[PDB]
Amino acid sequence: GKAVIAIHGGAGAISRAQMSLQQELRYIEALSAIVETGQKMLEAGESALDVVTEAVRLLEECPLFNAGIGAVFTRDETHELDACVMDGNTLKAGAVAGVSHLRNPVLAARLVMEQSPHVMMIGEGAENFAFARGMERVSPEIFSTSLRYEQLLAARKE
């Protein structure tokens, strides 16, 4: 069969008149590098589960995208992250919502699916479970970026 990957970094009011070329270039570069990582994995025969997990992990690690590092701020100036993963072969799934002390939500979600008998975990319970299973606790400010904080400030201004 044919093997293929697709990824996104969010849909919305992205527009030519508020974007600089260098910014667009950085996005093209990041999307290109991550989709390629995925292609090569698929090409080498890695599982679709591993592929989407790693692609999303890379989108989280990239500060340009609103997930993981670079998460937007709530009105409280905190970060609340959510993620889900689903395996079409077993129909097993894992999900976390409202976590603030886990570096990579997608990994936490997969942890829920594979290391618990549950599908969805939220908040501090999710965090506590993840720590029990060996995932690191991070300080809540690792996700913070000036760009996203400036967006909060501008949202408040209007």
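Don't overthink the numbering: it's just position in the shown sequence, from 1. Each form is matched to the other, and the largest set of C-alpha atoms that superpose within 1.5 Å is called the rigid core.
Taking the rigid core as the alignment reference, the C-alpha atoms of 20 to 28 lie farther on average from the displayed form in 8 other deposited structures of this protein than those of the other stretch among 141 to 149 and 20 to 28. Higher mean CA temperature factor, per the PDB entry, when comparing 147 to 155 with 1 to 9: 1 to 9. Compared with the other modelled residues of the chain, the Cα B-factor recorded for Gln22 ranks in the lowest third.
In the PDB entry, a CA B factor belonging to the highest third of its chain's modelled residues is recorded for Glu60.
The entry lists a Cα temperature factor for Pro117 that places it in the highest third of the chain's modelled residues. The deposited CA B-factor of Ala71 belongs to the lowest third of values across its chain. When the modelled residues of the chain are ordered by their C-alpha B factor, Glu46 lands in the middle third.
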